[PDB]
Each structure stands twice: as structure tokens, then as C-alpha cells.
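Only one chain is included here, represented as C-alpha cells and corresponding to the form solved without the partner chain.
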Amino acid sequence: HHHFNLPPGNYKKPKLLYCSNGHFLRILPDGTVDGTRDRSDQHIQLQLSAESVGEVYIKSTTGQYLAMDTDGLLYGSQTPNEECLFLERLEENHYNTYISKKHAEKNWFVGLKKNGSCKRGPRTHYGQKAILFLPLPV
């Protein structure tokens, strides 16, 4: 029950998801998800892939998938499951945003705070800069 404005997107080469808050999304090997302003970090290289038109997976360099638990918390999973699917949509005509598929009706987006920590699903909404991402070349 959402719009269907899709972004160009590229699933062939890895990218660095940059947040409008000025942070890069990072997934550590131990499964911790957070944000960092260091462009030279080696845990921010991410790989995206299409599972359907509009649905995507966000995998890490080590082989972990970003996910969202029943409480709206983000974590890095070792194996893909129904919590690893995100609807990828265009926003503001230029940015990218990601909605949890399993919790789509509640509008739980992926976001980062200005201090570098993850936002919980229920705390996110249209109009905040924390949900606006931009995929850059590595």
C-alpha cells in the first residue's frame, strides 16, 4: 500500500550508502549496525541485489545481511530470512529510502541519528533527514 516511484539503482557494483546526516552505514563482523563519518573505513562497502521489482537485500563484505527485529531494531544477520527484505523507493525525487517489508504497513524505515546510532522503526517517519540515503561509488 505504498507509492511505486523507483530509483535508478545498480546491483552490479558495490556501493557506500551515505546518509543525509553525514554518516556512512556500517555493518561490523560481530553483527553490530551503526554509522561512521570515516570514508576510509573498511566495513562500509555494501552490496545490493534485487529480489523482485522494488525489493532488495543489503549484504556486507563479510556476508551479513541487514535486518530488523520485531521491536524495530537493526542488526546484521548471517543468513537471509524474511526480516532482511526492504522495499527500495525514491524520495524527494533524488534520494533513496528503505522500508522493512515485514513491517511495511507501520512505515518502519532504516535511519541514522546525527550521533551515529541507529533509529528504531517506530521513531522514523517521512520528513526526517535520517531516512534519506544516497548510494555512492566505491
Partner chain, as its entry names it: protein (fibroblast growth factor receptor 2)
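Only residues modelled in both forms are compared. Residue numbers count along the first chain shown, from 1. Between two forms, the rigid core is the largest collection of C-alphas that superpose within 1.5 Å.
FYI, the form solved in complex with the partner chain isn't displayed, but the following is about it.
In terms of contact with the partner chain in the entry with it bound, the residue from 70, 62, 78, 49 that brings a heavy atom within 4.5 Å is 49. Heavy atoms of residue 100 never reach within 4.5 Å of the partner chain in the entry with it bound, leaving it off the interface. In the entry with it bound, residue 82 stays away from the partner chain, with no heavy atom inside 4.5 Å.
Of the residues in 116 to 132, those that come within 4.5 Å of the partner chain in the entry with it bound through at least one heavy atom are, in sequence order, 125, 126, 127, 128, 129, 132. Residues present in both forms were considered; between the shown form and the other one, the rigid-core fit shows Cα displacements of 2 Å or more across three or more consecutive positions at 9 to 11, 91 to 93.
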